[PDB]
Amino acid sequence: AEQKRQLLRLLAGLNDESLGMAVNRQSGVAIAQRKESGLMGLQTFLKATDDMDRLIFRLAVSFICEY
Amino acid sequence: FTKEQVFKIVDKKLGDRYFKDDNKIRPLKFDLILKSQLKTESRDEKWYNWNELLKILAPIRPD
């Protein structure tokens, strides 16, 4: 039970627990900044969210420039 | 890419530096070198290059 309880955090990409380090890595928003990379396991989810945000804002710009 | 297609994308200076032709981009064989880098937007890369160039050129030639 303890082994599968650790494997539950492992399988969801929550290994390399540096989320608290990663949010303090996103303090610099100065002019030209990258993602300032932390985790690797959840990056598929973040990338899918980024692509859906890009499609959402393309549609929103197409509505704003039209109405 | 036609000439008006090119001039809708790039700036006026970047278009005028290449077309002094025959209204077509004609690159030769031994003209370009492909260098891989991280995918970044052009203004951010130019901003970082401007920053390092102004931090390099400050002691050697201030004027």
# chains A, B, ... in the order shown; residues from 1 in each chain; ligands from 1

call {"tool": "residues_around", "arguments": {"residues": "residue 32 (chain A)", "least_positions_apart": "2", "cutoff": "8 Å", "atoms": "only C-alpha atoms", "output": "NGL selection string"}}
result
(:A and (29-30 or 34)) or (:B and (44 or 47))

call {"tool": "write_last_selection", "arguments": {"atoms": "N, CA, C and O atoms", "output": "JSON list (two decimals), in the first residue's frame"}}
result
[["chain", "number", "residue", "atom", "x", "y", "z"],
["A", 29, "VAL", "N", 9.19, 38.43, -14.57],
["A", 29, "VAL", "CA", 8.31, 38.58, -15.72],
["A", 29, "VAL", "C", 8.69, 39.84, -16.47],
["A", 29, "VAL", "O", 7.83, 40.51, -17.07],
["A", 30, "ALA", "N", 9.98, 40.17, -16.46],
["A", 30, "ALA", "CA", 10.47, 41.52, -16.73],
["A", 30, "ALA", "C", 10.19, 42.04, -18.14],
["A", 30, "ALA", "O", 9.32, 42.90, -18.30],
["A", 34, "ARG", "N", 11.40, 33.28, -20.65],
["A", 34, "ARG", "CA", 10.93, 31.98, -21.09],
["A", 34, "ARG", "C", 10.08, 31.35, -19.99],
["A", 34, "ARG", "O", 9.63, 32.03, -19.06],
["B", 44, "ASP", "N", 12.43, 39.31, -28.95],
["B", 44, "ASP", "CA", 13.10, 38.95, -27.69],
["B", 44, "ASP", "C", 14.56, 38.60, -27.93],
["B", 44, "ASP", "O", 15.44, 38.98, -27.14],
["B", 47, "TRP", "N", 16.34, 41.76, -28.57],
["B", 47, "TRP", "CA", 16.50, 42.49, -27.32],
["B", 47, "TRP", "C", 17.66, 41.96, -26.49],
["B", 47, "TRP", "O", 18.45, 42.73, -25.94]]

call {"tool": "select_by_dssp", "arguments": {"residues": "chain B", "states": "alpha helix (DSSP H)", "output": "ChimeraX atom specification"}}
result
/B:3-7,12-18,42-60

call {"tool": "write_last_selection", "arguments": {"atoms": "N, CA and C atoms", "output": "tab-separated table (two decimals), in the first residue's frame"}}
result
chain	number	residue	atom	x	y	z
B	3	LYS	N	6.82	39.18	-54.12
B	3	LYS	CA	7.46	40.34	-53.53
B	3	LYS	C	6.51	41.09	-52.60
B	4	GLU	N	5.24	41.23	-53.00
B	4	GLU	CA	4.28	41.87	-52.11
B	4	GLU	C	3.93	40.98	-50.92
B	5	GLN	N	4.05	39.66	-51.09
B	5	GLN	CA	3.89	38.75	-49.95
B	5	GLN	C	5.04	38.91	-48.97
B	6	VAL	N	6.25	39.13	-49.48
B	6	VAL	CA	7.41	39.33	-48.61
B	6	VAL	C	7.32	40.67	-47.89
B	7	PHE	N	6.93	41.73	-48.61
B	7	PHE	CA	6.88	43.06	-48.02
B	7	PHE	C	5.70	43.26	-47.07
B	12	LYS	N	10.49	47.39	-43.78
B	12	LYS	CA	10.88	48.08	-45.00
B	12	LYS	C	12.39	48.01	-45.21
B	13	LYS	N	13.16	48.11	-44.13
B	13	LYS	CA	14.62	48.09	-44.25
B	13	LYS	C	15.12	46.70	-44.62
B	14	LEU	N	14.51	45.65	-44.07
B	14	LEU	CA	14.92	44.29	-44.40
B	14	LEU	C	14.58	43.94	-45.84
B	15	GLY	N	13.51	44.52	-46.38
B	15	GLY	CA	13.18	44.32	-47.77
B	15	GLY	C	14.06	45.12	-48.70
B	16	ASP	N	14.41	46.34	-48.29
B	16	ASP	CA	15.23	47.20	-49.13
B	16	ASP	C	16.70	46.82	-49.12
B	17	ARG	N	17.17	46.10	-48.09
B	17	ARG	CA	18.56	45.69	-48.08
B	17	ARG	C	18.83	44.53	-49.02
B	18	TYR	N	17.82	43.71	-49.32
B	18	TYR	CA	18.03	42.56	-50.18
B	18	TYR	C	17.79	42.88	-51.65
B	42	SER	N	11.36	36.86	-32.43
B	42	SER	CA	12.48	37.61	-33.01
B	42	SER	C	12.81	38.86	-32.20
B	43	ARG	N	11.80	39.53	-31.66
B	43	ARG	CA	12.05	40.75	-30.90
B	43	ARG	C	12.73	40.45	-29.57
B	44	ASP	N	12.43	39.31	-28.95
B	44	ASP	CA	13.10	38.95	-27.69
B	44	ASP	C	14.56	38.60	-27.93
B	45	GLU	N	14.84	37.87	-29.01
B	45	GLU	CA	16.21	37.54	-29.37
B	45	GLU	C	17.01	38.79	-29.71
B	46	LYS	N	16.39	39.72	-30.46
B	46	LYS	CA	17.06	40.97	-30.77
B	46	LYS	C	17.27	41.82	-29.53
B	47	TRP	N	16.34	41.76	-28.57
B	47	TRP	CA	16.50	42.49	-27.32
B	47	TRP	C	17.66	41.96	-26.49
B	48	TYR	N	17.80	40.63	-26.43
B	48	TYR	CA	18.91	40.04	-25.69
B	48	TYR	C	20.25	40.32	-26.37
B	49	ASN	N	20.27	40.31	-27.70
B	49	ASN	CA	21.49	40.63	-28.42
B	49	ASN	C	21.87	42.10	-28.25
B	50	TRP	N	20.87	42.99	-28.25
B	50	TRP	CA	21.12	44.41	-27.99
B	50	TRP	C	21.66	44.63	-26.59
B	51	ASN	N	21.12	43.89	-25.61
B	51	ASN	CA	21.57	44.05	-24.23
B	51	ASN	C	23.01	43.59	-24.05
B	52	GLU	N	23.36	42.42	-24.60
B	52	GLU	CA	24.74	41.96	-24.47
B	52	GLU	C	25.70	42.82	-25.28
B	53	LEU	N	25.25	43.36	-26.42
B	53	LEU	CA	26.12	44.21	-27.21
B	53	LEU	C	26.38	45.55	-26.52
B	54	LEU	N	25.36	46.12	-25.87
B	54	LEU	CA	25.59	47.35	-25.13
B	54	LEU	C	26.38	47.11	-23.84
B	55	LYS	N	26.31	45.91	-23.27
B	55	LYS	CA	27.18	45.64	-22.13
B	55	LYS	C	28.60	45.28	-22.55
B	56	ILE	N	28.81	44.92	-23.81
B	56	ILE	CA	30.16	44.67	-24.31
B	56	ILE	C	30.82	45.97	-24.75
B	57	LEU	N	30.09	46.80	-25.49
B	57	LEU	CA	30.64	48.02	-26.08
B	57	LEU	C	30.77	49.18	-25.10
B	58	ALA	N	30.42	48.99	-23.83
B	58	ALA	CA	30.49	50.11	-22.89
B	58	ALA	C	31.92	50.50	-22.51
B	59	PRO	N	32.86	49.58	-22.13
B	59	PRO	CA	34.21	50.06	-21.82
B	59	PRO	C	35.06	50.37	-23.04
B	60	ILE	N	34.86	49.62	-24.13
B	60	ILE	CA	35.81	49.72	-25.24
B	60	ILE	C	35.54	50.93	-26.13

call {"tool": "closest_residue", "arguments": {"among": "A:6, A:37, A:62, A:44", "to": "residue 22 (chain A)", "atoms": "only C-alpha atoms"}}
result
A:37

call {"tool": "closest_residue", "arguments": {"among": "A:43, A:31, A:54, A:60", "to": "chain B", "atoms": "only C-alpha atoms"}}
result
A:31

call {"tool": "decode", "arguments": {"residues": "region 5-29 of chain B", "atoms": "N, CA and C atoms", "output": "compact mmCIF listing (two decimals), in the first residue's frame"}}
result
# COMPACT_ATOMS: atom_id res chain seq x y z
N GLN B 5 4.05 39.66 -51.09
CA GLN B 5 3.89 38.75 -49.95
C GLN B 5 5.04 38.91 -48.97
N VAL B 6 6.25 39.13 -49.48
CA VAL B 6 7.41 39.33 -48.61
C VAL B 6 7.32 40.67 -47.89
N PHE B 7 6.93 41.73 -48.61
CA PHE B 7 6.88 43.06 -48.02
C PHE B 7 5.70 43.26 -47.07
N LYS B 8 4.76 42.32 -47.01
CA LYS B 8 3.73 42.35 -45.98
C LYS B 8 4.19 41.71 -44.68
N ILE B 9 5.29 40.96 -44.71
CA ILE B 9 5.76 40.21 -43.55
C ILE B 9 6.94 40.90 -42.89
N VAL B 10 7.91 41.34 -43.67
CA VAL B 10 9.15 41.87 -43.15
C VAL B 10 9.07 43.39 -43.11
N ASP B 11 10.03 44.02 -42.44
CA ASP B 11 10.09 45.47 -42.37
C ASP B 11 10.54 46.06 -43.70
N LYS B 12 10.49 47.39 -43.78
CA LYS B 12 10.88 48.08 -45.00
C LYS B 12 12.39 48.01 -45.21
N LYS B 13 13.16 48.11 -44.13
CA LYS B 13 14.62 48.09 -44.25
C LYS B 13 15.12 46.70 -44.62
N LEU B 14 14.51 45.65 -44.07
CA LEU B 14 14.92 44.29 -44.40
C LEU B 14 14.58 43.94 -45.84
N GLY B 15 13.51 44.52 -46.38
CA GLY B 15 13.18 44.32 -47.77
C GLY B 15 14.06 45.12 -48.70
N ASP B 16 14.41 46.34 -48.29
CA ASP B 16 15.23 47.20 -49.13
C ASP B 16 16.70 46.82 -49.12
N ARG B 17 17.17 46.10 -48.09
CA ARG B 17 18.56 45.69 -48.08
C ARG B 17 18.83 44.53 -49.02
N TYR B 18 17.82 43.71 -49.32
CA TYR B 18 18.03 42.56 -50.18
C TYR B 18 17.79 42.88 -51.65
N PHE B 19 16.73 43.63 -51.95
CA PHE B 19 16.41 43.99 -53.33
C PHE B 19 17.15 45.27 -53.74
N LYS B 20 18.48 45.17 -53.74
CA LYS B 20 19.42 46.25 -54.06
C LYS B 20 19.19 47.52 -53.23
N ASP B 21 17.48 40.65 -59.65
CA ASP B 21 16.34 40.69 -58.74
C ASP B 21 15.17 39.88 -59.30
N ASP B 22 14.50 40.48 -60.29
CA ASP B 22 13.38 39.87 -61.03
C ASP B 22 12.22 39.47 -60.13
N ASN B 23 12.01 40.24 -59.05
CA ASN B 23 10.86 40.14 -58.14
C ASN B 23 10.75 38.76 -57.48
N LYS B 24 11.88 38.11 -57.23
CA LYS B 24 11.87 36.79 -56.61
C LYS B 24 13.13 36.63 -55.78
N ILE B 25 12.98 36.01 -54.61
CA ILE B 25 14.13 35.70 -53.77
C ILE B 25 14.90 34.55 -54.42
N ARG B 26 16.16 34.82 -54.77
CA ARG B 26 17.01 33.85 -55.46
C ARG B 26 18.25 33.58 -54.61
N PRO B 27 18.17 32.68 -53.64
CA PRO B 27 19.37 32.31 -52.89
C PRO B 27 20.21 31.31 -53.67
N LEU B 28 21.52 31.46 -53.53
CA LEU B 28 22.46 30.58 -54.22
C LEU B 28 22.68 29.32 -53.38
N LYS B 29 23.65 28.50 -53.78
CA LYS B 29 23.90 27.26 -53.07
C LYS B 29 24.78 27.48 -51.85
